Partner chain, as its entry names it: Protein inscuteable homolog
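A single chain comes next, written as structure tokens; it is the form solved without its partner chain.
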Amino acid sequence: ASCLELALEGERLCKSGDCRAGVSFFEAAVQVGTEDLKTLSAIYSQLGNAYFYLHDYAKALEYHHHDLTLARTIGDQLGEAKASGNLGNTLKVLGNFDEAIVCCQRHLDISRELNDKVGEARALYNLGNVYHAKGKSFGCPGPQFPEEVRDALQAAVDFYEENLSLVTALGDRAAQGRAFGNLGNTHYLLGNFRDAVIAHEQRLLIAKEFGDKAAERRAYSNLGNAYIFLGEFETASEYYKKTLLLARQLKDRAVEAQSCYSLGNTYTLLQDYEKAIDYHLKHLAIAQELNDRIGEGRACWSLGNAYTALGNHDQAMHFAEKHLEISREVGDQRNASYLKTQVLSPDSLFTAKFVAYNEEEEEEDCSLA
């Protein structure tokens, strides 16, 4: 009634990049009420997704659960599947991987049963994400591997391949490229590097045939990372440079920094310690500009190593010591966990951070319009 009118204003506002407004309208909408439980389900779903977008994952979870419940009572299978998929993604963010699996699985099963192809795909992707998050959530999230990380990332791989084959036979490209990204990453972490090279190459190809802003940067980055883990230091450096150009255009201090750090790491591998020290210095200036103490510490360390390799004693001492203090802040030092004496080299790699970028969540949508 007015519930509908209100909800439509909310949907309009969210659509137009004003989530907080839209949410206040959805809240008024629920507060008024409707006997049309399909559209009430829509209001619940949209609220769920809006709160997700706003990084209030608690409310997100709640509203998606009401949506799920609702769907189930009125026996709306499709509603139930899409609500369940949103629940799965919310849970993934909250780190409840088991329920997230149960939920995204349900999404898939139902979507199959309803002979929905697009939906089936989406749920497959999500399952790949859940297994990717799960895989990363044990110890250090890098490319190196207990039986658990193995199982979960391998599972991730499979799901990424079911998805990939199926959005291959549906002629979705944006989808295929997202799956290629995340599959490149999952290979990357798994140790199967050439495959990662392949798939990353593909994701690059599609971000290219769309002209994707702020998302070419990331295929660059991940290619660079794989090459660094093979030996192609030089070419990787080129890639990261690209990424830094881009990032400094778009005004993102973050990927600016990470691009610098990655770069410096590459010239330290390239034995050009001067350019290395420069890049890591820029990263130091960005990092301490943003109250990023852990970043500041890692810069301190990398620079200490580069200076030491360069012959400069004083700067090495100073930076090593600053790094000590910064470590003392972020933890205990009665076991001296801060002290890492092995330097970055072709035989190390694991000694420095190389940030990789995963894609995104493909959410599930109800509309009243």
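Numbering follows the first chain given and starts at 1. Superpose the two forms; the largest set of C-alphas matching within 1.5 Å is the rigid core.
Beyond what is shown, the protein has a form deposited with its partner chain bound; the following relates to that form.
- Residue contact check for residue 97: none of its heavy atoms lie within 4.5 Å of its partner chain in the deposited complex.
- For residue 20, no non-hydrogen atom is located within 4.5 Å of its partner chain in the deposited complex, even though that partner is not displayed.
- Though the partner is left out of this view, residue 312 does not reach within 4.5 Å of its partner chain in the deposited complex, counting heavy atoms only.
- Contact annotation for residue 242: none of its heavy atoms lies within 4.5 Å of its partner chain in the deposited complex.
- Highlighted residues 253, 293 and 327: none comes within 4.5 Å of its partner chain in the deposited complex, counting any heavy atom.
- Once the core is superposed between the shown form and the other one, every option in 287, 175, 127, 157 stays below 2 Å in C-alpha shift except 287.
- The Cα position of residue 73 differs by less than 2 Å between the shown form and the other one after fitting on the rigid core.
- Core-superposed comparison between the shown form and the other one: the Cα of residue 115 travels less than 2 Å.
- Taking the rigid core as fixed, one finds a CA shift for residue 39 smaller than 2 Å between the shown form and the other one.
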